[PDB]
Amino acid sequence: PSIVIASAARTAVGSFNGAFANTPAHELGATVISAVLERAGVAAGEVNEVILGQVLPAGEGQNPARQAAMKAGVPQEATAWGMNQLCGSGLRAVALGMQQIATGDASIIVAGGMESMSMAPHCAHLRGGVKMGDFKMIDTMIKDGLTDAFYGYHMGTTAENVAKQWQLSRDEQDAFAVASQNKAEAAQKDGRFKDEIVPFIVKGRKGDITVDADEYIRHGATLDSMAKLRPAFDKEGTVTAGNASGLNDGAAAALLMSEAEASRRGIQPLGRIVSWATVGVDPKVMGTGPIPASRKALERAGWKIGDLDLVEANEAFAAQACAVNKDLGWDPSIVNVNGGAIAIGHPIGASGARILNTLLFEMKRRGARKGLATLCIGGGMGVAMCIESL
């Protein structure tokens, strides 16, 4: 079996409690579902199934994958579900949709992710009732999204372990950070993010606001302002708000079919899924995930690391990203060419299909042939996908 991504689409990535602050994740998904359809020239009625990565759906109601597909004009007769491999979710769902077609269970899939970190609620187990004493209202964003369930600290603490252990300085983390911002700023101003970003309409009482730009990219980000910041997690540490990714909203997806079905319907695919892999790692240093995963991926495809023409390797933190690129040995000038998540955002469920978009459209936009994606995952994992142009 041979599967292509016929088309791809993402919302812009919103900043925490910003442009999308009150926008449910499935709203962002419904637009992205309609956009991949409209891009490939496929009708909504032809979709066999909608898969959406999503980490924090508490309070959005029954199966927000189905809400997203239904709002988007997908018929009741198709199916829809969500899944969760954390930061890996958005790219994994694409691998899961790829499997759907390989087995002869579906022909055409919409796969990706969607997150609204903004709309994640606070929660408390209250059925027994609280006879007396204070109790906690738990921020599900932190608890279920960013906190290690075994060691009880933030993801930023796992980045410190990795920084200490590869001997990455506070200066090196900030230089990779200021670089990521600079490459994103240059790309946005260069209209490199136009093709992939589908504009989203935030409906309001005293005004509709059209959002088609990444609002988290800081313009003119310097080395002086970076170096002034405090360590956010470790009191004598190195990882900061500046060289770490942020809390963000967005959605992103890809319409998948068999290669020959694309051809039939006169589509001109953005890429061909040659391989994928997920692998586990020690939770303390989850950020190194992308090393074994990208090496399993590459083995599965039959490529050496030096065959890749372009890479998106997620920037969860400046610490881990640098360590991944140090290990893998790929030319840093092909990595994250239009910047990284430190500049653009980290909408967790969406993140993997958010970079799938950036790589596919840049593979298009420079005539690259081979190209990989990879992301570290909390609790100790990595995921990757190899993509070959047609």
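Just count from 1 along the sequence shown to find any residue number.
Quick one: say whether 185-193 or 280-288 has the higher mean Cα B-factor in the deposited entry. Going by the record's values, the stretch with the higher mean is 185-193.
Per the entry, where is the mean C-alpha temperature factor higher: 166-174 or 225-233? Result of the comparison: 225-233.
Tell me, please, which of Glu46, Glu362, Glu60, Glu49 has the highest C-alpha B factor according to the deposited entry? The C-alpha B-factor peaks, among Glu46, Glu362, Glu60, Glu49, at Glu46.
Selection from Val211, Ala251, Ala102, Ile108 [criterion: highest C-alpha temperature factor in the record]: So the option with the highest C-alpha B-factor is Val211.
Grab the CA temperature factor for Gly14 from the record and place it in the lowest, middle or highest third of its chain. For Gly14, whose C-alpha B-factor we compare with every modelled residue in the chain, the answer is the lowest third.
Ordered by C-alpha B-factor within the chain, which third holds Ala8? Give me lowest, middle or highest, please. Its C-alpha B-factor belongs to the middle third of this chain's values.
Sort the modelled residues of this chain by their C-alpha B factor and say whether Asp309 lands in the lowest, middle or highest third. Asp309: CA B-factor falls in the lowest third of its chain.
For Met385, return the chain-relative third of its C-alpha B-factor as stated in the PDB record: lowest, middle or highest. Ranked within chain, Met385 CA B lands in the middle tercile.
Quick check for you: using the entry's CA B-factors within this chain, is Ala319 in the lowest, middle or highest third? For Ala319, the deposited C-alpha B-factor lands in the middle third.
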